[PDB]
Structures are given as C-alpha cells and as structure tokens.
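Raw start26.csv, CSV, N, CA and C atoms and all ligand atoms:
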```
chain,number,residue,atom,x,y,z
Y,769,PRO,N,18.7,-4.9,-46.0
Y,769,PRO,CA,17.9,-5.1,-47.3
Y,769,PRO,C,17.6,-6.5,-47.6
Y,770,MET,N,16.9,-6.7,-48.7
Y,770,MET,CA,16.3,-8.0,-49.0
Y,770,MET,C,17.4,-9.0,-49.4
Y,771,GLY,N,18.2,-9.5,-48.4
Y,771,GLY,CA,19.3,-10.4,-48.7
Y,771,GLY,C,20.6,-9.6,-48.5
Y,772,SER,N,21.2,-9.7,-47.4
Y,772,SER,CA,22.4,-8.9,-47.1
Y,772,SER,C,23.5,-9.8,-46.4
Y,773,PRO,N,24.7,-9.5,-46.6
Y,773,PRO,CA,25.8,-10.2,-45.9
Y,773,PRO,C,26.1,-9.6,-44.6
Y,774,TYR,N,25.2,-8.8,-44.0
Y,774,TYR,CA,25.3,-8.2,-42.7
Y,774,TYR,C,24.2,-8.6,-41.7
Y,775,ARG,N,23.2,-9.4,-42.1
Y,775,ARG,CA,22.2,-9.9,-41.2
Y,775,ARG,C,22.8,-10.9,-40.2
Y,776,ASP,N,23.4,-12.0,-40.8
Y,776,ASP,CA,23.9,-13.1,-39.9
Y,776,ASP,C,25.1,-12.6,-39.1
Y,777,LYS,N,25.8,-11.7,-39.5
Y,777,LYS,CA,26.9,-11.1,-38.7
Y,777,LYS,C,26.4,-10.4,-37.5
Y,778,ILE,N,25.2,-9.7,-37.6
Y,778,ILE,CA,24.6,-9.1,-36.5
Y,778,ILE,C,23.8,-10.0,-35.7
Y,779,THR,N,23.2,-11.0,-36.3
Y,779,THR,CA,22.4,-12.0,-35.6
Y,779,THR,C,23.2,-12.8,-34.6
Y,780,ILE,N,24.4,-13.2,-34.9
Y,780,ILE,CA,25.3,-13.7,-34.0
Y,780,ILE,C,25.8,-12.6,-33.0
Y,781,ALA,N,25.9,-11.4,-33.4
Y,781,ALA,CA,26.5,-10.3,-32.6
Y,781,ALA,C,25.5,-9.9,-31.5
Y,782,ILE,N,24.2,-9.9,-31.8
Y,782,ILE,CA,23.2,-9.6,-30.8
Y,782,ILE,C,23.2,-10.6,-29.7
Y,783,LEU,N,23.3,-11.9,-30.1
Y,783,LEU,CA,23.3,-13.0,-29.1
Y,783,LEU,C,24.5,-13.0,-28.2
Y,784,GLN,N,25.6,-12.4,-28.7
Y,784,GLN,CA,26.8,-12.2,-27.8
Y,784,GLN,C,26.5,-11.2,-26.7
Y,785,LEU,N,25.8,-10.1,-27.0
Y,785,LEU,CA,25.6,-9.0,-26.1
Y,785,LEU,C,24.7,-9.3,-25.0
Y,786,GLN,N,23.6,-10.1,-25.2
Y,786,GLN,CA,22.7,-10.5,-24.1
Y,786,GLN,C,23.3,-11.7,-23.4
Y,787,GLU,N,24.2,-12.4,-23.9
Y,787,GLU,CA,25.0,-13.4,-23.1
Y,787,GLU,C,25.9,-12.7,-22.2
Y,788,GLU,N,26.6,-11.7,-22.6
Y,788,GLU,CA,27.4,-10.9,-21.7
Y,788,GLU,C,26.6,-10.0,-20.8
Y,789,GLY,N,25.4,-9.7,-21.2
Y,789,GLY,CA,24.5,-8.9,-20.4
Y,789,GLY,C,24.5,-7.5,-20.8
Y,790,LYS,N,25.2,-7.1,-21.8
Y,790,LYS,CA,25.3,-5.7,-22.2
Y,790,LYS,C,24.0,-5.1,-22.8
Y,791,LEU,N,23.1,-6.0,-23.3
Y,791,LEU,CA,21.8,-5.5,-23.7
Y,791,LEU,C,20.9,-5.3,-22.5
Y,792,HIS,N,21.2,-5.9,-21.4
Y,792,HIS,CA,20.6,-5.6,-20.1
Y,792,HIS,C,21.2,-4.4,-19.4
Y,793,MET,N,22.5,-4.3,-19.6
Y,793,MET,CA,23.2,-3.1,-19.0
Y,793,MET,C,22.8,-1.8,-19.7
Y,794,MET,N,22.7,-1.8,-21.0
Y,794,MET,CA,22.2,-0.7,-21.7
Y,794,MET,C,20.7,-0.4,-21.5
Y,795,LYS,N,19.9,-1.5,-21.2
Y,795,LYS,CA,18.5,-1.4,-20.8
Y,795,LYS,C,18.4,-0.6,-19.5
Y,796,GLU,N,19.2,-0.9,-18.5
Y,796,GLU,CA,19.1,-0.2,-17.2
Y,796,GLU,C,19.8,1.1,-17.3
Y,797,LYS,N,20.5,1.4,-18.4
Y,797,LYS,CA,21.2,2.7,-18.5
Y,797,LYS,C,20.3,3.8,-18.9
Y,798,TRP,N,19.3,3.5,-19.8
Y,798,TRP,CA,18.4,4.5,-20.4
Y,798,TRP,C,17.0,4.5,-19.8
Y,799,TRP,N,16.4,3.3,-19.7
Y,799,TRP,CA,15.0,3.3,-19.2
Y,799,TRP,C,15.0,3.5,-17.7
Y,800,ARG,N,16.0,3.3,-16.9
Y,800,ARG,CA,16.0,3.7,-15.5
Y,800,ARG,C,16.2,5.2,-15.4
Y,801,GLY,N,15.3,5.9,-14.9
Y,801,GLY,CA,15.3,7.3,-14.6
Y,801,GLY,C,15.1,7.5,-13.2
Y,802,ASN,N,14.3,8.6,-12.9
Y,802,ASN,CA,13.9,8.8,-11.5
Y,802,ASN,C,13.0,7.7,-11.1
Y,803,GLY,N,13.0,7.4,-9.8
Y,803,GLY,CA,12.3,6.3,-9.2
Y,803,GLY,C,10.7,6.4,-9.3
Y,804,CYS,N,10.2,7.6,-9.6
Y,804,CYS,CA,8.8,7.9,-9.6
Y,804,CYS,C,8.1,7.6,-8.3
Y,805,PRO,N,8.4,8.4,-7.2
Y,805,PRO,CA,8.0,8.1,-5.8
Y,805,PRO,C,6.6,7.6,-5.6
Y,806,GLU,N,6.5,6.4,-5.0
Y,806,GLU,CA,5.4,5.5,-5.2
Y,806,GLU,C,4.1,5.9,-4.5
Y,807,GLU,N,3.1,5.1,-4.6
Y,807,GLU,CA,1.8,5.4,-3.9
Y,807,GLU,C,2.0,5.0,-2.4
Y,808,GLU,N,2.9,4.2,-2.1
Y,808,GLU,CA,3.2,3.9,-0.7
Y,808,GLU,C,4.3,4.8,-0.2
Y,809,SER,N,4.0,6.1,-0.2
Y,809,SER,CA,4.8,7.2,0.3
Y,809,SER,C,3.9,8.1,1.1
Y,810,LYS,N,3.1,7.6,2.0
Y,810,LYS,CA,2.1,8.3,2.7
Y,810,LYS,C,2.6,9.4,3.6
Y,811,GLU,N,3.4,9.1,4.6
Y,811,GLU,CA,4.3,9.9,5.5
Y,811,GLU,C,3.5,10.8,6.4
Y,812,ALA,N,2.2,10.9,6.2
Y,812,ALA,CA,1.3,11.8,7.0
Y,812,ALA,C,-0.1,11.5,6.5
Y,813,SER,N,-1.1,11.3,7.4
Y,813,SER,CA,-2.5,11.2,7.0
Y,813,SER,C,-3.3,11.8,8.2
Y,814,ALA,N,-3.7,13.1,8.0
Y,814,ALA,CA,-4.6,13.7,8.9
Y,814,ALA,C,-6.0,13.3,8.5
Y,815,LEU,N,-6.8,12.7,9.4
Y,815,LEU,CA,-8.1,12.1,9.0
Y,815,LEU,C,-9.1,13.2,8.7
Y,816,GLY,N,-9.6,13.2,7.5
Y,816,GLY,CA,-10.6,14.2,7.1
Y,816,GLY,C,-12.0,13.7,6.9
U,625,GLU,N,-22.6,10.0,35.4
U,625,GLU,CA,-23.5,9.4,36.3
U,625,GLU,C,-24.9,9.3,35.8
U,626,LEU,N,-25.2,10.0,34.8
U,626,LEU,CA,-26.6,10.1,34.3
U,626,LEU,C,-26.8,9.1,33.1
U,627,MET,N,-27.8,8.3,33.2
U,627,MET,CA,-28.0,7.3,32.2
U,627,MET,C,-29.4,7.4,31.6
U,628,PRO,N,-29.6,7.2,30.3
U,628,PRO,CA,-30.9,7.3,29.7
U,628,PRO,C,-31.8,6.2,30.1
U,629,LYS,N,-33.1,6.5,30.4
U,629,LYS,CA,-34.0,5.5,30.8
U,629,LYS,C,-35.0,5.1,29.8
U,630,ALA,N,-35.7,6.1,29.1
U,630,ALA,CA,-36.6,5.8,28.0
U,630,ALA,C,-35.8,5.3,26.8
U,631,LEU,N,-36.5,4.4,26.0
U,631,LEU,CA,-35.9,4.0,24.7
U,631,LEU,C,-35.8,5.1,23.7
U,632,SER,N,-36.6,6.2,23.9
U,632,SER,CA,-36.5,7.4,23.1
U,632,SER,C,-35.1,8.0,23.3
U,633,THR,N,-34.5,7.9,24.4
U,633,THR,CA,-33.2,8.4,24.7
U,633,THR,C,-32.1,7.3,24.7
U,634,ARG,N,-32.4,6.1,24.6
U,634,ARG,CA,-31.4,5.0,24.5
U,634,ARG,C,-30.6,5.0,23.2
U,635,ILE,N,-31.4,5.2,22.1
U,635,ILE,CA,-30.8,5.3,20.8
U,635,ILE,C,-29.8,6.5,20.6
U,636,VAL,N,-30.2,7.6,21.2
U,636,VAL,CA,-29.3,8.8,21.3
U,636,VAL,C,-28.1,8.4,22.1
U,637,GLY,N,-28.3,7.7,23.3
U,637,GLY,CA,-27.2,7.2,24.0
U,637,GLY,C,-26.5,6.1,23.3
U,638,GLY,N,-27.1,5.4,22.4
U,638,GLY,CA,-26.5,4.3,21.7
U,638,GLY,C,-25.6,4.7,20.6
U,639,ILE,N,-26.2,5.6,19.7
U,639,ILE,CA,-25.4,6.0,18.6
U,639,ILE,C,-24.3,6.9,18.9
U,640,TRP,N,-24.5,7.8,20.0
U,640,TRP,CA,-23.4,8.6,20.4
U,640,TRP,C,-22.2,7.9,21.0
U,641,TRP,N,-22.5,6.7,21.7
U,641,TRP,CA,-21.5,5.9,22.1
U,641,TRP,C,-20.7,5.2,21.0
U,642,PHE,N,-21.5,4.8,19.9
U,642,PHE,CA,-20.8,4.3,18.7
U,642,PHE,C,-20.1,5.3,18.0
U,643,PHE,N,-20.5,6.6,18.0
U,643,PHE,CA,-19.8,7.7,17.4
U,643,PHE,C,-18.5,8.0,18.1
U,644,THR,N,-18.5,8.1,19.4
U,644,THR,CA,-17.3,8.4,20.1
U,644,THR,C,-16.4,7.1,20.3
U,645,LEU,N,-16.9,6.0,19.9
U,645,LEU,CA,-16.0,4.8,19.9
U,645,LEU,C,-15.1,4.9,18.6
U,646,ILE,N,-15.7,5.3,17.5
U,646,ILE,CA,-14.9,5.3,16.3
U,646,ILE,C,-14.0,6.6,16.2
U,647,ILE,N,-14.4,7.7,16.8
U,647,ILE,CA,-13.6,8.9,16.8
U,647,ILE,C,-12.3,8.6,17.6
U,648,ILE,N,-12.4,8.0,18.8
U,648,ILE,CA,-11.3,7.8,19.7
U,648,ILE,C,-10.4,6.7,19.1
U,649,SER,N,-11.0,5.7,18.5
U,649,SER,CA,-10.3,4.6,17.9
U,649,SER,C,-9.5,5.0,16.6
U,650,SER,N,-10.1,5.9,15.8
U,650,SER,CA,-9.4,6.4,14.7
U,650,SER,C,-8.4,7.4,15.1
U,651,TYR,N,-8.6,8.1,16.3
U,651,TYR,CA,-7.6,9.0,16.8
U,651,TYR,C,-6.3,8.2,17.3
U,652,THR,N,-6.5,7.2,18.1
U,652,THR,CA,-5.3,6.4,18.6
U,652,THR,C,-4.6,5.7,17.5
U,653,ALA,N,-5.3,5.2,16.5
U,653,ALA,CA,-4.7,4.4,15.4
U,653,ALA,C,-3.9,5.3,14.5
U,654,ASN,N,-4.3,6.6,14.4
U,654,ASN,CA,-3.5,7.5,13.5
U,654,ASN,C,-2.4,8.1,14.2
U,655,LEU,N,-2.5,8.4,15.5
U,655,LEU,CA,-1.5,9.1,16.3
U,655,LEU,C,-0.3,8.3,16.6
U,656,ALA,N,-0.3,6.9,16.3
U,656,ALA,CA,0.9,6.1,16.3
U,656,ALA,C,1.8,6.5,15.1
U,657,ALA,N,1.2,7.0,14.0
U,657,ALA,CA,2.0,7.4,12.9
U,657,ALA,C,2.7,8.7,13.1
U,658,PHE,N,2.0,9.6,13.8
U,658,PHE,CA,2.5,11.0,14.0
U,658,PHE,C,3.4,11.2,15.1
U,659,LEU,N,3.4,10.3,16.1
U,659,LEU,CA,4.5,10.4,17.1
U,659,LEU,C,5.8,9.7,16.7
U,660,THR,N,5.6,8.6,16.0
U,660,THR,CA,6.7,7.9,15.3
U,660,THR,C,7.0,8.7,14.1
U,661,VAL,N,7.7,9.8,14.2
U,661,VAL,CA,8.0,10.7,13.1
U,661,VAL,C,9.0,10.1,12.2
U,662,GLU,N,8.7,9.9,10.9
U,662,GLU,CA,9.6,9.5,9.9
U,662,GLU,C,10.6,10.6,9.7
U,663,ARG,N,11.9,10.3,9.8
U,663,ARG,CA,12.9,11.4,9.9
U,663,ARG,C,13.1,12.1,8.5
U,664,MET,N,14.1,13.0,8.6
U,664,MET,CA,14.5,13.7,7.4
U,664,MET,C,15.1,12.8,6.3
U,665,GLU,N,14.5,12.9,5.1
U,665,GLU,CA,14.8,11.9,4.0
U,665,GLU,C,15.0,12.7,2.7
U,666,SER,N,15.9,13.6,2.7
U,666,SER,CA,16.4,14.4,1.5
U,666,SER,C,16.8,13.4,0.4
U,667,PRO,N,16.1,13.5,-0.8
U,667,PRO,CA,16.1,12.4,-1.7
U,667,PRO,C,17.3,12.1,-2.5
U,668,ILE,N,18.5,12.1,-1.8
U,668,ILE,CA,19.7,11.7,-2.4
U,668,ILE,C,20.3,10.8,-1.3
U,669,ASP,N,20.6,9.5,-1.6
U,669,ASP,CA,21.2,8.6,-0.6
U,669,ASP,C,22.5,8.0,-1.0
U,670,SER,N,22.8,7.9,-2.3
U,670,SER,CA,24.1,7.4,-2.8
U,670,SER,C,24.4,8.0,-4.1
U,671,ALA,N,25.5,7.5,-4.7
U,671,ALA,CA,25.8,8.0,-6.0
U,671,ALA,C,24.9,7.4,-7.1
U,672,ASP,N,24.3,6.3,-6.9
U,672,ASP,CA,23.3,5.8,-7.8
U,672,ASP,C,22.1,6.7,-7.9
Y,901,LIG,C1,-31.0,15.9,10.3
Y,901,LIG,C2,-29.5,15.9,10.2
Y,901,LIG,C3,-28.9,17.2,9.5
Y,901,LIG,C4,-29.3,17.2,8.0
Y,901,LIG,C5,-28.2,16.5,7.1
Y,901,LIG,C6,-28.8,15.3,6.4
Y,901,LIG,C7,-28.7,14.0,7.1
Y,901,LIG,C8,-29.6,12.9,6.6
Y,901,LIG,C9,-29.2,11.4,7.1
Y,901,LIG,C10,-29.4,10.4,6.2
Y,901,LIG,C11,-30.0,10.6,4.8
Y,901,LIG,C12,-29.0,10.3,3.7
Y,901,LIG,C13,-27.6,10.9,3.8
Y,901,LIG,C14,-26.7,10.9,2.6
Y,901,LIG,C15,-26.9,9.5,1.8
Y,901,LIG,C16,-26.1,8.4,2.5
Y,901,LIG,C17,-27.0,7.2,2.8
Y,901,LIG,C18,-26.9,6.1,1.7
Y,901,LIG,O1,-26.8,6.4,0.6
Y,901,LIG,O2,-27.0,4.7,2.0
Y,901,LIG,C19,-26.1,4.2,2.9
Y,901,LIG,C20,-26.8,3.3,3.9
Y,901,LIG,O3,-26.1,3.4,5.2
Y,901,LIG,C21,-27.0,3.2,6.3
Y,901,LIG,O4,-27.8,2.4,6.2
Y,901,LIG,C22,-26.8,4.1,7.5
Y,901,LIG,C23,-27.9,3.7,8.6
Y,901,LIG,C24,-27.5,2.6,9.5
Y,901,LIG,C25,-28.6,2.1,10.4
Y,901,LIG,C26,-28.7,2.8,11.8
Y,901,LIG,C27,-29.6,2.1,12.8
Y,901,LIG,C28,-29.1,2.4,14.2
Y,901,LIG,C29,-30.0,1.6,15.3
Y,901,LIG,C30,-29.2,1.0,16.4
Y,901,LIG,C31,-29.3,1.8,17.8
Y,901,LIG,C32,-29.0,0.9,19.0
Y,901,LIG,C33,-29.4,1.5,20.3
Y,901,LIG,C34,-28.9,0.8,21.6
Y,901,LIG,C35,-29.9,0.7,22.7
Y,901,LIG,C36,-30.9,-0.5,22.5
Y,901,LIG,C37,-25.0,3.5,2.2
Y,901,LIG,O5,-24.8,4.0,0.9
Y,901,LIG,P1,-23.6,5.1,0.6
Y,901,LIG,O6,-22.3,4.4,0.5
Y,901,LIG,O7,-23.5,6.0,1.8
Y,901,LIG,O8,-23.9,6.0,-0.7
Y,901,LIG,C38,-22.7,6.5,-1.4
Y,901,LIG,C39,-23.0,6.4,-3.0
Y,901,LIG,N1,-22.2,5.3,-3.6
Y,901,LIG,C40,-22.8,4.0,-3.1
Y,901,LIG,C41,-22.2,5.2,-5.1
Y,901,LIG,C42,-20.8,5.4,-3.2
Y,902,LIG,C1,-17.1,-2.9,17.4
Y,902,LIG,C2,-18.5,-3.3,17.7
Y,902,LIG,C3,-19.5,-2.3,17.1
Y,902,LIG,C4,-20.8,-3.1,16.5
Y,902,LIG,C5,-21.6,-2.2,15.5
Y,902,LIG,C6,-22.0,-3.1,14.3
Y,902,LIG,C7,-22.9,-2.3,13.3
Y,902,LIG,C8,-23.2,-3.0,12.0
Y,902,LIG,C9,-21.9,-3.5,11.2
Y,902,LIG,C10,-22.0,-3.7,9.9
Y,902,LIG,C11,-23.2,-3.6,9.1
Y,902,LIG,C12,-22.9,-3.4,7.6
Y,902,LIG,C13,-21.7,-4.3,7.1
Y,902,LIG,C14,-21.2,-3.9,5.6
Y,902,LIG,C15,-20.2,-2.8,5.6
Y,902,LIG,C16,-19.1,-3.0,4.6
Y,902,LIG,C17,-18.6,-1.7,3.9
Y,902,LIG,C18,-19.6,-1.1,2.9
Y,902,LIG,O1,-20.4,-1.8,2.4
Y,902,LIG,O2,-19.6,0.3,2.6
Y,902,LIG,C19,-20.0,0.5,1.2
Y,902,LIG,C20,-21.4,1.3,1.3
Y,902,LIG,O3,-21.9,1.2,2.6
Y,902,LIG,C21,-22.8,0.2,2.8
Y,902,LIG,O4,-23.3,-0.4,1.9
Y,902,LIG,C22,-23.2,-0.2,4.3
Y,902,LIG,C23,-24.4,0.5,4.8
Y,902,LIG,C24,-24.6,0.4,6.3
Y,902,LIG,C25,-23.5,1.1,7.1
Y,902,LIG,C26,-23.9,1.4,8.5
Y,902,LIG,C27,-23.6,0.2,9.4
Y,902,LIG,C28,-23.5,0.6,10.9
Y,902,LIG,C29,-24.9,0.5,11.6
Y,902,LIG,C30,-25.2,1.7,12.5
Y,902,LIG,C31,-25.5,1.3,14.0
Y,902,LIG,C32,-24.3,1.5,14.9
Y,902,LIG,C33,-24.2,0.4,15.9
Y,902,LIG,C34,-25.5,0.0,16.6
Y,902,LIG,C35,-25.5,0.1,18.1
Y,902,LIG,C36,-25.4,1.5,18.6
Y,902,LIG,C37,-19.0,1.4,0.5
Y,902,LIG,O5,-18.7,0.8,-0.7
Y,902,LIG,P1,-17.5,-0.4,-0.6
Y,902,LIG,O6,-16.8,-0.4,0.7
Y,902,LIG,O7,-16.5,-0.2,-1.8
Y,902,LIG,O8,-18.3,-1.9,-0.9
Y,902,LIG,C38,-17.7,-3.1,-0.3
Y,902,LIG,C39,-18.9,-4.0,0.3
Y,902,LIG,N1,-18.4,-5.1,1.0
Y,902,LIG,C40,-17.2,-5.0,1.9
Y,902,LIG,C41,-19.5,-5.7,1.8
Y,902,LIG,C42,-18.0,-6.1,0.0
```
Produce structure tokens that represent the structure in this file.
Ligand SMILES: CCCCCCCC/C=C\CCCCCCCC(=O)O[C@@H](COC(=O)CCCCCCCCCCCCCCC)COP(=O)([O-])OCC[N+](C)(C)C
Ligand SMILES: CCCCCCCC/C=C\CCCCCCCC(=O)O[C@@H](COC(=O)CCCCCCCCCCCCCCC)COP(=O)([O-])OCC[N+](C)(C)C
Amino acid sequence: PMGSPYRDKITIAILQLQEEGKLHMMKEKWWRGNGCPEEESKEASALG
Amino acid sequence: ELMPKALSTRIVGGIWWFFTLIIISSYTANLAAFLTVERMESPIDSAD
C-alpha cells in the first residue's frame, strides 16, 4: 500500500534471492517444461 | 553409343543430361542420410 513497513524489507529480501540464485532456480523450475522438439529434428527427408 | 547430330536434338540431349545430372546428384546426397540410420531415440535419456 501507499507507504508500508514491508516494502523495504522485501526490497532487500528479493536482492538476497537473486544473489543466491534462487530467483533463477525457481525460474528454471516452472518455465522449463518439455523441450519442444526443434525444427532441426529432420531424421528423414524423402525428396518430393 | 548414339549421339544427337542436329541442333534440333542437341537441346533434347542437353536438357535431359542436365535433368539426369540433378536426379542422380540429389539421389546420392540424400542416400547418405538414409544409410547412416539415426538410431532408436526413445525420448527419455536421464532423470532430468
Ligand atoms: C508441354 C509440357 C507438359 C505441359 C505442362 C506445362 C509445362 C510448361 C513449361 C513452362 C511454362 C510455365 C510453367 C509454370 C511456371 C514456372 C515458370 C516461372 O514462373 O518462371 C520461372 C523461370 O524459370 C525459367 O526461366 C526456366 C527456363 C530456363 C531456361 C531454359 C533454356 C535451356 C537452353 C540450354 C540448352 C543447352 C543445349 C546444349 C547443346 C548446345 C521462375 O519463376 P518461379 O519461381 O518458377 O515462379 C514461382 C512463383 N513465385 C515466384 C512467387 C514463387
Ligand atoms: C553444374 C553445372 C550445370 C550448369 C547449368 C547452369 C544453368 C544456369 C544456372 C543459373 C541461372 C539462374 C541463377 C539464379 C537461381 C537462384 C535461385 C532462384 O532465383 O530461384 C527463385 C526463382 O527462380 C528463378 O528466379 C530462376 C529462374 C531460372 C531457373 C533455371 C536456371 C537453369 C537454366 C536451364 C538450362 C539447364 C543447363 C543448360 C545446359 C543444358 C526462387 O525464389 P528464391 O530462391 O527464394 O530467390 C532467391 C534469388 N537469389 C538466390 C538469386 C537471391
């Protein structure tokens, strides 16, 4: 809210998590899903 | 052993040589992929 005693406590706390890397660990925990098998997965090409 | 003599038949001899040049060249370039068979790749490789 408009002036809170919990902004600066979290502002320091978010900076701790990306220093430890846990904001990157939780990033790779949810956004990483199936690899979405790429366009370079030809494996066969009968010329048509 | 039979070769075209008139220019009326050289272009038929000319284009058909260029046609069978690209057919055999596209055949050999693709058949390297199909004899080098990419093996069985069941889409689980580790615990990750
Ligand atoms: C009668 C047969 C059966 C009936 C069937 C009908 C067949 C009729 C045949 C053709 C009519 C049109 C067919 C469909 C249209 C494609 C053509 C075209 O659009 O332009 C093409 C021109 O490409 C060329 O120029 C090809 C000719 C090369 C010159 C050959 C000279 C050989 C002489 C040397 C001899 C040396 C002798 C040696 C001894 C001295 C390129 O354009 P495109 O990319 O193809 O167009 C795609 C559209 N797009 C651009 C948006 C993607
Ligand atoms: C190994 C020794 C053999 C010698 C033969 C040499 C023959 C002459 C060789 C090359 C001449 C043409 C060179 C340009 C081709 C580039 C691709 C292209 O443009 O396609 C485009 C349309 O297609 C065209 O606009 C080309 C139309 C002519 C095609 C027929 C040429 C063969 C001649 C027949 C006579 C057979 C032989 C005669 C004797 C019997 C498709 O669109 P694009 O690809 O997205 O556009 C990229 C354009 N770019 C790459 C230019 C930027």
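Here atom CA of residue 811 of chain Y stands at a distance of 6.9 Å from atom CA of residue 662 of chain U.
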Requested in this report: Compute the set of protein, DNA and RNA residues whose minimum atom distance to ligand LIG 901 (chain Y) is at most 6.5 Å, using all atoms listed in the file, and state it as a PyMOL selection string.
Outcome: chain U and resi 634-639
Report task. Can you check which residues of chain U have any atom within 8 Å of chain Y? Use only N, CA and C atoms and format it as a ChimeraX atom specification. Result -> /U:650,654,657-658,662
**Report entry** Pairwise distance for atom CA of residue 670 of chain U and atom CA of residue 790 of chain Y, rounded to one decimal in Å
**Finding:**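 One can read the atom CA of residue 670 of chain U to atom CA of residue 790 of chain Y distance as 23.4 Å.
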Report summary line: Taken to one decimal, the atom N of residue 804 of chain Y-atom C of residue 667 of chain U distance is 11.0 Å
Report summary line: Among U:648, U:660, U:640, U:633, ligand LIG 902 (chain Y) is approached most closely, using all atoms listed in the file, by U:640
Dump of segment 626-670 of chain U from preceding block, C-alpha atoms, as a PDB file, in the first residue's frame:
```
ATOM      1  CA  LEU U 626      24.100 -42.895 -80.237  1.00  0.00           C
ATOM      2  CA  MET U 627      24.661 -39.166 -80.203  1.00  0.00           C
ATOM      3  CA  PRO U 628      22.409 -36.368 -81.490  1.00  0.00           C
ATOM      4  CA  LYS U 629      23.675 -34.569 -84.565  1.00  0.00           C
ATOM      5  CA  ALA U 630      21.144 -31.853 -85.398  1.00  0.00           C
ATOM      6  CA  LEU U 631      20.770 -28.895 -83.039  1.00  0.00           C
ATOM      7  CA  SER U 632      17.051 -29.794 -83.037  1.00  0.00           C
ATOM      8  CA  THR U 633      18.065 -32.842 -80.979  1.00  0.00           C
ATOM      9  CA  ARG U 634      21.059 -31.406 -79.094  1.00  0.00           C
ATOM     10  CA  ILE U 635      18.826 -29.396 -76.726  1.00  0.00           C
ATOM     11  CA  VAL U 636      16.826 -32.563 -76.030  1.00  0.00           C
ATOM     12  CA  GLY U 637      20.180 -34.224 -75.451  1.00  0.00           C
ATOM     13  CA  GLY U 638      21.308 -31.207 -73.457  1.00  0.00           C
ATOM     14  CA  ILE U 639      18.382 -30.723 -71.096  1.00  0.00           C
ATOM     15  CA  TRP U 640      17.984 -34.455 -70.442  1.00  0.00           C
ATOM     16  CA  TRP U 641      21.642 -34.625 -69.422  1.00  0.00           C
ATOM     17  CA  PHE U 642      21.057 -31.734 -67.032  1.00  0.00           C
ATOM     18  CA  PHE U 643      17.889 -33.418 -65.773  1.00  0.00           C
ATOM     19  CA  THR U 644      19.641 -36.705 -65.031  1.00  0.00           C
ATOM     20  CA  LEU U 645      22.556 -34.818 -63.516  1.00  0.00           C
ATOM     21  CA  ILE U 646      20.353 -33.333 -60.788  1.00  0.00           C
ATOM     22  CA  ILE U 647      18.325 -36.531 -60.214  1.00  0.00           C
ATOM     23  CA  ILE U 648      21.414 -38.648 -59.535  1.00  0.00           C
ATOM     24  CA  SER U 649      23.119 -35.891 -57.544  1.00  0.00           C
ATOM     25  CA  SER U 650      20.047 -35.387 -55.358  1.00  0.00           C
ATOM     26  CA  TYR U 651      19.820 -39.169 -55.025  1.00  0.00           C
ATOM     27  CA  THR U 652      23.394 -39.624 -53.777  1.00  0.00           C
ATOM     28  CA  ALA U 653      23.254 -36.608 -51.460  1.00  0.00           C
ATOM     29  CA  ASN U 654      20.070 -37.815 -49.771  1.00  0.00           C
ATOM     30  CA  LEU U 655      21.031 -41.512 -49.556  1.00  0.00           C
ATOM     31  CA  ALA U 656      23.928 -40.635 -47.240  1.00  0.00           C
ATOM     32  CA  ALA U 657      21.283 -39.721 -44.659  1.00  0.00           C
ATOM     33  CA  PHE U 658      19.245 -42.908 -45.089  1.00  0.00           C
ATOM     34  CA  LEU U 659      22.079 -45.426 -44.876  1.00  0.00           C
ATOM     35  CA  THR U 660      23.551 -43.642 -41.847  1.00  0.00           C
ATOM     36  CA  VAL U 661      20.441 -44.578 -39.881  1.00  0.00           C
ATOM     37  CA  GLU U 662      19.958 -42.425 -36.793  1.00  0.00           C
ATOM     38  CA  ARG U 663      19.344 -44.982 -34.072  1.00  0.00           C
ATOM     39  CA  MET U 664      16.461 -45.551 -31.686  1.00  0.00           C
ATOM     40  CA  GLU U 665      15.988 -42.414 -29.583  1.00  0.00           C
ATOM     41  CA  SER U 666      13.108 -43.040 -27.117  1.00  0.00           C
ATOM     42  CA  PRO U 667      12.611 -39.553 -25.670  1.00  0.00           C
ATOM     43  CA  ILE U 668      13.800 -40.250 -22.110  1.00  0.00           C
ATOM     44  CA  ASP U 669      17.536 -40.062 -21.503  1.00  0.00           C
ATOM     45  CA  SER U 670      18.013 -39.119 -17.832  1.00  0.00           C
TER      46      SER U 670
END
```
